[PDB]
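Chemist: Before we start, here is the structure in question, set down as structure tokens.
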Amino acid sequence: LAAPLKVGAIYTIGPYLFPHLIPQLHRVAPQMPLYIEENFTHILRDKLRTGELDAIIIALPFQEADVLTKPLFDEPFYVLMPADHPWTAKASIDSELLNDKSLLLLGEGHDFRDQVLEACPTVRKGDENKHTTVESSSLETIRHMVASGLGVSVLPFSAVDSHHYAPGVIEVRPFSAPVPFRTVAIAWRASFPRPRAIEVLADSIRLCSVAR
Amino acid sequence: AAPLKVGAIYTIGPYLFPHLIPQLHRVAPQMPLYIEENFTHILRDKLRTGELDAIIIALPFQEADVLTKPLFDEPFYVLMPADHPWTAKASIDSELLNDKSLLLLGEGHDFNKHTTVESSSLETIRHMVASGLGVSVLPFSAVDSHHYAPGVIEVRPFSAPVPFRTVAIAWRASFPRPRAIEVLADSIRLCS
């Protein structure tokens, strides 16, 4: 019939974007079906090179040969802590306090620093990988871990309120300004035979927030 | 004061864990849970090495020196486009589902040439069915895990016999915390 659009996304974006995005796309433009995939950045990129995926949705920085990049939107990071942990007193958190082993972060796509990548001068803080690298590919795992009170972590804005914990066992606090953020952008091959699909995708993504 | 590493397959986990774990934090705050979603063979392989302490799988399943307890039986339902001929029915006989119209995952879910969808997510297949590229079969836990407006995706039960999967729990018989495993499996039974 009509060609489908094979779209990929990282684990820190996919589960928290697709189940809301895809139906809207099906509504405004059912002309194209979407083939949903969730994976890591490198394998996603490799699937983009081999044409297995038409386009991917990843967080900047992202620079690959013969691949275009349209910065879709800016997503701010919030912090997640158990109900007991004293940092509930603060209504805003210093970015440095998250540099002890209390912080839990996935191996790929979860780190909220050094991908914010400022274009002004940055202070090279002598760097301590002083956090725990959880070898999981799901933010929900760390959500449960922190909810138990086994540590604290950082979540993108899309993810924070996507759980079934009764209010007051896991709690989210906003950063102290300036707030750290990732730039959710779309990547697709140069000379991709169907630019219109890329435009429809990008547009429908950018306006996913607008209620109906 | 000790972490219990639970696992589950991709067609069971996503529709169980988010409700299951807050329950096991509610009745068992003494124990932190480390969940993980993966394939059957790799879950078994991780249970053999102790990287996981328990796994929530689908029968039939059997592994050396590993106890199996059938937690519950979960029926299947036919996922179809809003504009299917099958919409004007009360049920669907099991034989009707053999075609390239039937979208099934591997590993995923089973009952012979169909259309195998090379994904680990039932959601991909769901969106495919919404788009209208044939029908599929979803467990009871998945049939409502979407945000599609009514009149886009229709679900229809089977006519007897109703096919189902026996969701069970598996853990090493050498495991020194059978009480914890019992509480876990019990809570899994509760959220069904």
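Following the order of the structure tokens, first chain is A, next is B, and so on, with residues numbered from 1 inside each chain and ligands from 1 in the order they appear.
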Please check the contacts: residues of chain B at most 8 Å away from chain A, using only C-alpha atoms, listed as a PyMOL selection string.
Modeler: chain B and resi 18-19+21-22+25+29+31-36+119+123-124+127-128+130-131+146-148
Chemist: As a VMD selection string, please: all residues of stretch 7-79 of chain B that backbone DSSP puts in helix (DSSP H, G or I).
Modeler: chain B and resid 13 to 15 17 to 26 40 to 48
Chemist: Generate a file of the selected residues that holds N, CA and C atoms, formatted as a short mmCIF file (atom, residue, chain, number, x, y, z; two decimals), in the first residue's frame.
Modeler:
```
data_model
loop_
_atom_site.label_atom_id
_atom_site.label_comp_id
_atom_site.auth_asym_id
_atom_site.auth_seq_id
_atom_site.Cartn_x
_atom_site.Cartn_y
_atom_site.Cartn_z
N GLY B 13 6.11 -7.91 31.32
CA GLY B 13 6.66 -6.83 32.12
C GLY B 13 5.96 -5.49 32.07
N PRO B 14 6.01 -4.81 30.90
CA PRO B 14 5.47 -3.46 30.71
C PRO B 14 4.03 -3.26 31.20
N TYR B 15 3.26 -4.34 31.29
CA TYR B 15 1.86 -4.24 31.66
C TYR B 15 1.61 -4.78 33.06
N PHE B 17 4.72 -4.62 35.80
CA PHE B 17 5.67 -3.92 36.67
C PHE B 17 5.22 -2.56 37.24
N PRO B 18 4.69 -1.65 36.38
CA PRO B 18 4.36 -0.32 36.92
C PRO B 18 3.27 -0.34 37.99
N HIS B 19 2.41 -1.35 37.97
CA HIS B 19 1.42 -1.52 39.02
C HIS B 19 1.95 -2.42 40.13
N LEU B 20 2.80 -3.37 39.75
CA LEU B 20 3.30 -4.38 40.68
C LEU B 20 4.25 -3.81 41.73
N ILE B 21 5.21 -2.99 41.30
CA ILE B 21 6.27 -2.54 42.20
C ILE B 21 5.81 -1.56 43.29
N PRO B 22 4.95 -0.58 42.96
CA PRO B 22 4.43 0.25 44.05
C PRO B 22 3.66 -0.55 45.10
N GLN B 23 3.04 -1.65 44.67
CA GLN B 23 2.36 -2.56 45.58
C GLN B 23 3.36 -3.22 46.52
N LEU B 24 4.50 -3.62 45.97
CA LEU B 24 5.54 -4.29 46.75
C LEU B 24 6.44 -3.30 47.49
N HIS B 25 6.15 -2.01 47.32
CA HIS B 25 6.77 -0.98 48.14
C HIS B 25 5.79 -0.61 49.25
N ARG B 26 4.52 -0.84 48.97
CA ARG B 26 3.44 -0.54 49.90
C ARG B 26 3.35 -1.58 51.01
N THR B 40 13.02 -14.51 27.04
CA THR B 40 12.94 -15.71 27.87
C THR B 40 14.30 -16.35 28.12
N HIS B 41 15.04 -16.60 27.04
CA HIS B 41 16.31 -17.31 27.12
C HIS B 41 17.36 -16.56 27.94
N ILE B 42 17.37 -15.24 27.82
CA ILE B 42 18.36 -14.43 28.52
C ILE B 42 17.95 -14.24 29.99
N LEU B 43 16.65 -14.26 30.26
CA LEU B 43 16.17 -14.23 31.64
C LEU B 43 16.55 -15.52 32.35
N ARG B 44 16.36 -16.63 31.67
CA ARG B 44 16.75 -17.94 32.18
C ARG B 44 18.26 -18.00 32.41
N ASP B 45 19.00 -17.49 31.43
CA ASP B 45 20.46 -17.46 31.50
C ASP B 45 20.95 -16.60 32.66
N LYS B 46 20.22 -15.52 32.94
CA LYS B 46 20.57 -14.63 34.04
C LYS B 46 20.14 -15.19 35.39
N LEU B 47 19.13 -16.05 35.38
CA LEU B 47 18.67 -16.71 36.60
C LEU B 47 19.64 -17.82 36.97
N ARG B 48 20.24 -18.44 35.96
CA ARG B 48 21.24 -19.47 36.18
C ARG B 48 22.49 -18.90 36.86
#
```
Chemist: Between A:173, A:130, A:194, A:189, single out the one closest to residue A:49, counting only C-alpha atoms.
Modeler: A:189
Chemist: Assign secondary structure with DSSP using the backbone only, and return the residues of stretch 11-204 of chain A in strand (DSSP E) as a PDB file with N, CA and C atoms, in the first residue's frame.
Modeler:
```
ATOM      1  N   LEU A  34       3.443   4.140  11.194  1.00  0.00           N
ATOM      2  CA  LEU A  34       4.746   4.331  11.803  1.00  0.00           C
ATOM      3  C   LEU A  34       5.242   3.038  12.436  1.00  0.00           C
ATOM      4  N   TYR A  35       6.493   2.701  12.153  1.00  0.00           N
ATOM      5  CA  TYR A  35       7.116   1.523  12.730  1.00  0.00           C
ATOM      6  C   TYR A  35       7.959   1.947  13.923  1.00  0.00           C
ATOM      7  N   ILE A  36       7.433   1.704  15.119  1.00  0.00           N
ATOM      8  CA  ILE A  36       8.037   2.203  16.348  1.00  0.00           C
ATOM      9  C   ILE A  36       9.178   1.314  16.835  1.00  0.00           C
ATOM     10  N   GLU A  37      10.327   1.922  17.121  1.00  0.00           N
ATOM     11  CA  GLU A  37      11.436   1.179  17.714  1.00  0.00           C
ATOM     12  C   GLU A  37      12.119   1.950  18.843  1.00  0.00           C
ATOM     13  N   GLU A  38      12.464   1.234  19.911  1.00  0.00           N
ATOM     14  CA  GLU A  38      13.236   1.799  21.012  1.00  0.00           C
ATOM     15  C   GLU A  38      14.571   1.074  21.149  1.00  0.00           C
ATOM     16  N   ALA A  55      14.098   7.330  10.184  1.00  0.00           N
ATOM     17  CA  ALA A  55      14.503   8.435  11.046  1.00  0.00           C
ATOM     18  C   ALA A  55      14.520   8.021  12.514  1.00  0.00           C
ATOM     19  N   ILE A  56      15.341   8.709  13.303  1.00  0.00           N
ATOM     20  CA  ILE A  56      15.431   8.440  14.731  1.00  0.00           C
ATOM     21  C   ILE A  56      15.196   9.715  15.537  1.00  0.00           C
ATOM     22  N   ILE A  57      14.822   9.548  16.801  1.00  0.00           N
ATOM     23  CA  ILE A  57      14.592  10.675  17.696  1.00  0.00           C
ATOM     24  C   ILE A  57      15.566  10.608  18.864  1.00  0.00           C
ATOM     25  N   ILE A  58      16.540  11.511  18.874  1.00  0.00           N
ATOM     26  CA  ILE A  58      17.609  11.445  19.864  1.00  0.00           C
ATOM     27  C   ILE A  58      17.900  12.796  20.504  1.00  0.00           C
ATOM     28  N   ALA A  59      18.627  12.770  21.615  1.00  0.00           N
ATOM     29  CA  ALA A  59      19.009  13.993  22.307  1.00  0.00           C
ATOM     30  C   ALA A  59      20.373  14.476  21.830  1.00  0.00           C
ATOM     31  N   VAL A  67      23.632  12.898   7.495  1.00  0.00           N
ATOM     32  CA  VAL A  67      22.407  12.848   8.286  1.00  0.00           C
ATOM     33  C   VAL A  67      22.015  14.246   8.750  1.00  0.00           C
ATOM     34  N   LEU A  68      20.804  14.665   8.401  1.00  0.00           N
ATOM     35  CA  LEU A  68      20.307  15.976   8.803  1.00  0.00           C
ATOM     36  C   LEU A  68      19.815  15.947  10.245  1.00  0.00           C
ATOM     37  N   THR A  69      19.703  17.123  10.855  1.00  0.00           N
ATOM     38  CA  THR A  69      19.281  17.223  12.247  1.00  0.00           C
ATOM     39  C   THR A  69      18.409  18.451  12.488  1.00  0.00           C
ATOM     40  N   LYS A  70      17.157  18.217  12.870  1.00  0.00           N
ATOM     41  CA  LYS A  70      16.244  19.301  13.210  1.00  0.00           C
ATOM     42  C   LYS A  70      15.932  19.297  14.703  1.00  0.00           C
ATOM     43  N   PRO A  71      16.513  20.251  15.447  1.00  0.00           N
ATOM     44  CA  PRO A  71      16.200  20.427  16.869  1.00  0.00           C
ATOM     45  C   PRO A  71      14.709  20.662  17.086  1.00  0.00           C
ATOM     46  N   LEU A  72      14.026  19.679  17.665  1.00  0.00           N
ATOM     47  CA  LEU A  72      12.579  19.754  17.822  1.00  0.00           C
ATOM     48  C   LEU A  72      12.172  20.563  19.050  1.00  0.00           C
ATOM     49  N   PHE A  73      12.602  20.142  20.237  1.00  0.00           N
ATOM     50  CA  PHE A  73      12.246  20.906  21.435  1.00  0.00           C
ATOM     51  C   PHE A  73      13.234  20.743  22.588  1.00  0.00           C
ATOM     52  N   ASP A  74      13.174  21.677  23.533  1.00  0.00           N
ATOM     53  CA  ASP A  74      14.043  21.656  24.704  1.00  0.00           C
ATOM     54  C   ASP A  74      13.318  21.080  25.914  1.00  0.00           C
ATOM     55  N   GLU A  75      13.879  20.018  26.481  1.00  0.00           N
ATOM     56  CA  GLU A  75      13.270  19.346  27.621  1.00  0.00           C
ATOM     57  C   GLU A  75      14.122  19.503  28.877  1.00  0.00           C
ATOM     58  N   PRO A  76      13.572  20.181  29.897  1.00  0.00           N
ATOM     59  CA  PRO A  76      14.270  20.431  31.162  1.00  0.00           C
ATOM     60  C   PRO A  76      14.309  19.203  32.066  1.00  0.00           C
ATOM     61  N   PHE A  77      15.381  19.073  32.839  1.00  0.00           N
ATOM     62  CA  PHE A  77      15.539  17.949  33.753  1.00  0.00           C
ATOM     63  C   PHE A  77      15.083  18.301  35.164  1.00  0.00           C
ATOM     64  N   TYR A  78      14.374  17.374  35.797  1.00  0.00           N
ATOM     65  CA  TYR A  78      14.000  17.508  37.200  1.00  0.00           C
ATOM     66  C   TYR A  78      14.658  16.390  37.998  1.00  0.00           C
ATOM     67  N   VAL A  79      14.767  16.570  39.311  1.00  0.00           N
ATOM     68  CA  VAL A  79      15.424  15.567  40.141  1.00  0.00           C
ATOM     69  C   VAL A  79      14.399  14.720  40.899  1.00  0.00           C
ATOM     70  N   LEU A  80      14.773  13.474  41.168  1.00  0.00           N
ATOM     71  CA  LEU A  80      13.917  12.516  41.855  1.00  0.00           C
ATOM     72  C   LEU A  80      14.594  11.967  43.104  1.00  0.00           C
ATOM     73  N   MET A  81      13.873  12.058  44.219  1.00  0.00           N
ATOM     74  CA  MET A  81      14.374  11.631  45.519  1.00  0.00           C
ATOM     75  C   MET A  81      13.275  10.918  46.305  1.00  0.00           C
ATOM     76  N   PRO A  82      13.664  10.037  47.241  1.00  0.00           N
ATOM     77  CA  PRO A  82      12.671   9.406  48.117  1.00  0.00           C
ATOM     78  C   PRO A  82      12.019  10.423  49.048  1.00  0.00           C
ATOM     79  N   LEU A 103      23.835   9.344  43.328  1.00  0.00           N
ATOM     80  CA  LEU A 103      23.211   9.489  42.018  1.00  0.00           C
ATOM     81  C   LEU A 103      23.248   8.187  41.222  1.00  0.00           C
ATOM     82  N   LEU A 104      22.096   7.799  40.681  1.00  0.00           N
ATOM     83  CA  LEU A 104      21.996   6.604  39.852  1.00  0.00           C
ATOM     84  C   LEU A 104      21.716   6.994  38.405  1.00  0.00           C
ATOM     85  N   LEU A 105      22.571   6.553  37.486  1.00  0.00           N
ATOM     86  CA  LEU A 105      22.410   6.908  36.078  1.00  0.00           C
ATOM     87  C   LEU A 105      22.643   5.717  35.153  1.00  0.00           C
ATOM     88  N   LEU A 106      21.814   5.602  34.119  1.00  0.00           N
ATOM     89  CA  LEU A 106      21.962   4.537  33.132  1.00  0.00           C
ATOM     90  C   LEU A 106      23.265   4.691  32.357  1.00  0.00           C
ATOM     91  N   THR A 132      26.621   6.152  40.457  1.00  0.00           N
ATOM     92  CA  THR A 132      26.490   4.729  40.181  1.00  0.00           C
ATOM     93  C   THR A 132      25.880   4.496  38.804  1.00  0.00           C
ATOM     94  N   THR A 133      26.619   3.800  37.948  1.00  0.00           N
ATOM     95  CA  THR A 133      26.134   3.472  36.614  1.00  0.00           C
ATOM     96  C   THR A 133      25.293   2.202  36.654  1.00  0.00           C
ATOM     97  N   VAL A 134      23.976   2.375  36.685  1.00  0.00           N
ATOM     98  CA  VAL A 134      23.054   1.247  36.687  1.00  0.00           C
ATOM     99  C   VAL A 134      22.960   0.637  35.294  1.00  0.00           C
ATOM    100  N   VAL A 152      19.183   8.547  44.691  1.00  0.00           N
ATOM    101  CA  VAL A 152      18.468   9.623  44.013  1.00  0.00           C
ATOM    102  C   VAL A 152      18.901   9.674  42.554  1.00  0.00           C
ATOM    103  N   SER A 153      18.065  10.233  41.683  1.00  0.00           N
ATOM    104  CA  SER A 153      18.429  10.274  40.266  1.00  0.00           C
ATOM    105  C   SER A 153      17.825  11.466  39.537  1.00  0.00           C
ATOM    106  N   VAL A 154      18.095  11.569  38.239  1.00  0.00           N
ATOM    107  CA  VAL A 154      17.581  12.677  37.440  1.00  0.00           C
ATOM    108  C   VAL A 154      16.689  12.168  36.311  1.00  0.00           C
ATOM    109  N   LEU A 155      15.554  12.830  36.109  1.00  0.00           N
ATOM    110  CA  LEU A 155      14.634  12.452  35.043  1.00  0.00           C
ATOM    111  C   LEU A 155      14.328  13.612  34.105  1.00  0.00           C
ATOM    112  N   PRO A 156      14.092  13.303  32.822  1.00  0.00           N
ATOM    113  CA  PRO A 156      13.553  14.297  31.891  1.00  0.00           C
ATOM    114  C   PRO A 156      12.120  14.650  32.275  1.00  0.00           C
ATOM    115  N   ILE A 170       7.553   8.781  46.491  1.00  0.00           N
ATOM    116  CA  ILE A 170       8.602   9.260  45.604  1.00  0.00           C
ATOM    117  C   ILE A 170       8.293  10.716  45.282  1.00  0.00           C
ATOM    118  N   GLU A 171       9.300  11.580  45.332  1.00  0.00           N
ATOM    119  CA  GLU A 171       9.034  12.995  45.109  1.00  0.00           C
ATOM    120  C   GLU A 171      10.056  13.667  44.201  1.00  0.00           C
ATOM    121  N   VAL A 172       9.556  14.603  43.401  1.00  0.00           N
ATOM    122  CA  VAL A 172      10.348  15.289  42.392  1.00  0.00           C
ATOM    123  C   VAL A 172      10.558  16.757  42.756  1.00  0.00           C
ATOM    124  N   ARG A 173      11.798  17.219  42.630  1.00  0.00           N
ATOM    125  CA  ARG A 173      12.130  18.609  42.908  1.00  0.00           C
ATOM    126  C   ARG A 173      12.790  19.265  41.695  1.00  0.00           C
ATOM    127  N   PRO A 174      12.470  20.545  41.449  1.00  0.00           N
ATOM    128  CA  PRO A 174      13.034  21.285  40.316  1.00  0.00           C
ATOM    129  C   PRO A 174      14.434  21.830  40.599  1.00  0.00           C
ATOM    130  N   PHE A 181      19.015  20.997  30.615  1.00  0.00           N
ATOM    131  CA  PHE A 181      18.042  20.511  29.646  1.00  0.00           C
ATOM    132  C   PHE A 181      18.702  19.776  28.487  1.00  0.00           C
ATOM    133  N   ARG A 182      17.978  18.821  27.913  1.00  0.00           N
ATOM    134  CA  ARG A 182      18.429  18.153  26.702  1.00  0.00           C
ATOM    135  C   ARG A 182      17.650  18.691  25.509  1.00  0.00           C
ATOM    136  N   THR A 183      18.268  18.659  24.335  1.00  0.00           N
ATOM    137  CA  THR A 183      17.604  19.128  23.127  1.00  0.00           C
ATOM    138  C   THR A 183      17.130  17.948  22.288  1.00  0.00           C
ATOM    139  N   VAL A 184      15.863  17.584  22.456  1.00  0.00           N
ATOM    140  CA  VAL A 184      15.268  16.508  21.677  1.00  0.00           C
ATOM    141  C   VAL A 184      15.170  16.911  20.210  1.00  0.00           C
ATOM    142  N   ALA A 185      15.899  16.178  19.372  1.00  0.00           N
ATOM    143  CA  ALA A 185      15.987  16.459  17.947  1.00  0.00           C
ATOM    144  C   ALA A 185      15.779  15.198  17.114  1.00  0.00           C
ATOM    145  N   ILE A 186      15.398  15.394  15.855  1.00  0.00           N
ATOM    146  CA  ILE A 186      15.168  14.292  14.929  1.00  0.00           C
ATOM    147  C   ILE A 186      16.313  14.180  13.920  1.00  0.00           C
ATOM    148  N   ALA A 187      16.732  12.950  13.639  1.00  0.00           N
ATOM    149  CA  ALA A 187      17.804  12.707  12.684  1.00  0.00           C
ATOM    150  C   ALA A 187      17.333  11.798  11.555  1.00  0.00           C
ATOM    151  N   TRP A 188      17.730  12.128  10.331  1.00  0.00           N
ATOM    152  CA  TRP A 188      17.387  11.314   9.171  1.00  0.00           C
ATOM    153  C   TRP A 188      18.445  11.460   8.086  1.00  0.00           C
ATOM    154  N   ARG A 189      18.577  10.430   7.256  1.00  0.00           N
ATOM    155  CA  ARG A 189      19.584  10.409   6.199  1.00  0.00           C
ATOM    156  C   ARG A 189      19.449  11.583   5.239  1.00  0.00           C
TER     157      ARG A 189
END
```
Chemist: Residues within 9 Å of stretch 42-47 of chain A, please, as a PyMOL selection string. Count only C-alpha atoms; anything in the same chain fewer than 3 positions from it doesn't count.
Modeler: chain A and resi 8-10+37-39+50-54+56+64+187
Chemist: With only C-alpha atoms as the atoms that count, which of A:131, A:6, A:206, A:212 lies nearest to residue A:100?
Modeler: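 The closest residue to residue A:100 is A:131.
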Chemist: Using only C-alpha atoms, which of A:125, A:196, A:101, A:90 sits nearest residue A:29?
Modeler: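 Nearest to residue A:29: A:196.
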